[PDB]
Amino acid sequence: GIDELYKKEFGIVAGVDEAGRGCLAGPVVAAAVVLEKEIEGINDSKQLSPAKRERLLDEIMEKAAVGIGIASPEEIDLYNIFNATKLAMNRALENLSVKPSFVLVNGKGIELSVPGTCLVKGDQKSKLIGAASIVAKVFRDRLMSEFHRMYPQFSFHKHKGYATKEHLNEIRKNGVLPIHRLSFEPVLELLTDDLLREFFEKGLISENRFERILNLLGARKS
DNA sequence: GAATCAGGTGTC
Ligand SMILES: [Mg+2]
Ligand SMILES: [Mg+2]
């Protein structure tokens with residue numbers, strides 16, 4: 001209903017949502033979705049089991065136009081998680097072949113390159129947002145599972161990079177990676193000067209990133 | 001699903 005009201009006043013409306021904000025590693029992912037057919041059981045990604053998201057997605061990729069955007073750990077560290085989130089969302093809109101005239105964005109305080117309105121608890125007031133939320137979450141979880149294959153010593157396929165007990169265990173035993181968000185507190189506290197310079201020297205992080213984290217490290221514990 | 005315990009950073 002909410003969507004339809006907006007659909008009638010503005011025309012083609014996309015719903016936008018993001019996954020991965022609170023993570024310690026990996027990109028933030030956003031999805032933009034325009035959907036005209038119905039998909040029963042569309043609802044905030046959190047109130048669904050992984051398996052339900054799985055099949056709810058299959059249907060989405062068949063009945064809807066979808067654009068996916070990501071912002072990297074480097075961009076998070078340089079721009080901050082909020083600006084990086086808006087970047088990913090704008091990238092999602094760009095990758096949507098159906099160019100919307102209005103956007104329904106999950107949350108608060110976000111102005112994208114397309115006029116729109118933000119909705120607190122948006123992923124459950126709106127089907128479009130609810131569907132984007134599923135797309136982002138599953139797509140991101142795939143990304144993290146595939147980080148598991150790249151860094152066997154990290155159960156990214158389970159904790160999806162969040163600050164779980166085992167993830168921190170893993171960081172302490174194995175070391176911070178370049179895919180960790182080096183500006184995030186628990187990562188920063190385990191990082192050392194030595195390791196940072198090592199990242200840079202091996203070409204694992206850009207000079208700009210190196211410089212910003214070096215200064216944060218300097219300001220640390222103060 | 002709901003609870004309740006954990007743990008991240010933006011806005012203003
Ligand atoms: Mg979400
Ligand atoms: Mg919510």
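Lettering of chains follows the sequences in order, A, B, ..., and the numbering in each one begins at 1.
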Practice prompt. Apply the test side-chain contact (heavy atoms from CB on, under 4.5 Å) to residues A:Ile213 and A:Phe199: give CA-CA distance (whole Å), side-chain angles for both, the deciding distance (0.1 Å), then the verdict.
Written response: CA-CA 11 Å; A:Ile213 308 298; A:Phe199 281 173; over 6 Å; no
Worksheet item: Hey, are A:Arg172 and A:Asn169 close enough side-chain-wise for a donor-acceptor pair under 3.5 Å?
Response: yes
Worksheet item: Using the benzene-type ring in the case of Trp, are the ring centres of A:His180 and A:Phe154 under 6.0 Å apart?
Response: yes
Worksheet entry | Base-contact (B) and sugar-phosphate-only (S) positions in nucleotides 6-12 of chain B, heavy-atom cut-off under 4.0 Å, - elsewhere | -BBSSS-
Worksheet item: Any side-chain donor paired with an acceptor under 3.5 Å for A:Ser183 and A:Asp77?
Response: yes
Worksheet item: Looking at DNA chain B, which of residues 111-126 of chain A put a heavy atom within less than 4.0 Å of it?
Response: none
Worksheet entry | Ring centroid separation A:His159 to A:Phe156 under 6.0 Å | yes
Fill in: Distance-only donor-acceptor check, side chains A:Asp44 and A:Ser133, under 3.5 Å
no
Discussion item. With no hydrogens and no angle check, just 3.5 Å: does a side-chain donor-acceptor pair link A:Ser155 and A:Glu166?
Written reply: no
